[PDB]
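To begin, one chain is listed below as structure tokens, in the form deposited in one PDB entry.
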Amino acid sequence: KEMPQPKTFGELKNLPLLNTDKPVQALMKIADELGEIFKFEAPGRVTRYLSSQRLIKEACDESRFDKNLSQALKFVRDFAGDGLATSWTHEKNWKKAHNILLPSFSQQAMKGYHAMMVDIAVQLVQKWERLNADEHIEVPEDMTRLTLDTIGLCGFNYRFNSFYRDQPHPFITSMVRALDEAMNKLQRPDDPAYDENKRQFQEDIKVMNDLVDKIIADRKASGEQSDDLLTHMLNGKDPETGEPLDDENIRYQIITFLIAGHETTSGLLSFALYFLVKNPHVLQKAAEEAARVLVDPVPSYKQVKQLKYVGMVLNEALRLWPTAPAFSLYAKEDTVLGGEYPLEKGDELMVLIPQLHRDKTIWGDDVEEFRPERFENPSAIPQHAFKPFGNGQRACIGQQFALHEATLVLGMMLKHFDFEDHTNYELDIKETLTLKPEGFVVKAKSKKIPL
């Protein structure tokens, strides 16, 4: 009945607890101490963090709870607009864009993106083939190059050419700095010395809008048709309203794909490779499948679907470190959670995904061990125990995209290289709005298999 709550800071309540460079990991430690639910109070803000499958399965009941915009999402909305990830379910543009975009993100639609994904994947493999002896790989840096370029190519047929650069394309620099400002605002009084941050923030917003608006205008003027999401959005019509997306909303969706997809997906690849080099038996099993299945110089769509164990590796990496680590809900009406926590209409909940994925009542006592064999049969996994892609109609629309991209790329990596954890890397998880293993490095020795 009485809800646990972490330490307070006078008038600031719990807010200073988030003034730390690893806030998700701090919240996990608080959940370890306080249990399946704790209250978190700030000036003008109350929320409750959920960690157990017992309570989260109720929070995922869409008749009782709807997606809430967390403070992080509200700040991202300043440049993602009413894109899919930062719009309320009741906003006309959410259901409109959802209906238009769902078929172009289906498993069947990955057949059309496959060639462009292979284009960037081959660039990554060639970069590593061309490294000299005793040079090493900066894993998240290269994974982020790959996912950004892949979303750029599949999203709107634009080549960021990240593998030709040390300093990223100006759009990426402004996007990363915009996301950084959004995160920093969470841990922040509105002192006059933040005026520089604000002026830079508006400059970065303009950089993103200008490039994306320009590409949209260029595409409309040309009339050319590609296999990208931009073509689908220029030609799609919502069956419900009968309307297409307008040019401004299309821009917000493109920005959203880049934000929502690039860092989550590169983090997944980075964590997956981290767990593989730390668990050599798993690596060997995953590399055997890669060599057996990927028998052609270029992987096909059907071959990627056959990489079952690689997919199991990715799910277990998502279990331990889900790279979009939380989502927020509000109670649609007065309701009682778990039979002991009464909630009033509008009350907010946070789903702490890494804690959910460590619920021993679901996964057993070995929750911290990396064992892809947990995912041999996904249907056996209990409902709402595994939520790396969110929930319900507000779940990740790019789930099939992210997993196809990650399975293809990891499969090619395991096919073409042996990996060495040459520094005995100590896991250090850097936190933005997503999670990544900072400073993770490996050496790759080519198996000399041509492309």
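The numbering used is simple: start at 1 and walk along the sequence shown.
Of the other compared PDB entries of this protein that include residues on both sides, at least a third leave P189 without atoms. The modelled chain breaks after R188 and resumes at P189, leaving 1 to 3 residues of the deposited sequence without coordinates. For the two regions 314 to 322 and 159 to 167, the entry's Cα B-factors average higher over 159 to 167.
Higher mean CA B-factor, judged across 177 to 185 and 119 to 127 from the recorded values: 177 to 185. If you compare the C-alpha temperature factors of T147, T89, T361, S270 in the entry, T361 comes out highest.
When the C-alpha B factors of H404, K39, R394, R45 are read from the deposited coordinates, the top value falls at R45. In the deposited entry, the Cα temperature factor of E438 sits in the middle third of values across the chain's modelled residues. Split the chain's modelled residues into thirds by C-alpha temperature factor. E240 is in the middle one. In the PDB entry, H357 places in the lowest third of its chain by CA B-factor. Among all modelled residues in this chain, the alpha-carbon of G261 has a temperature factor (C-alpha) in the middle third. Residue-level temperature factors show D142 in the lowest third of its chain, judged at the C-alpha atom.
As for the form deposited in another entry, it is not shown, yet the points below apply to it.
If you assign each C-alpha to whichever superposition fits it better, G35 and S162 land in the same rigid part between the shown form and the other one.
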